[PDB]
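Add 393 to a position in the sequence shown, counting from 1, and you land on the number used in the numbering used here. C-beta: ideal position from N, C-alpha, C; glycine also. First comes the structure, then the notes that go with it.
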Amino acid sequence: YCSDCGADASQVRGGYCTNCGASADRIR
């Protein structure tokens, strides 16, 4: 998941969370 908004890991792409824009480091 994305720690900054809680979107599902499957929603990251190109090094960012494609929902809220967070960087890849914030995924857990």
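On the three-state DSSP scale, how would you describe residue i?
{"i": "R406", "result": "strand"}
Could you pull the DSSP bridge partners for residue i from this structure?
{"i": "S396", "result": "Its beta-bridge partners do not exist; DSSP assigns none."}
Less than 9 Å between the C-beta atoms of residue i and residue j, yes or no?
{"i": "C398", "j": "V405", "result": "no"}
{"i": "residue 353", "j": "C410", "result": "Past the boundaries of the shown model lies residue 353; the chain is included only from 394 to 421, so the question cannot be answered."}
{"i": "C413", "j": "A402", "result": "no"}
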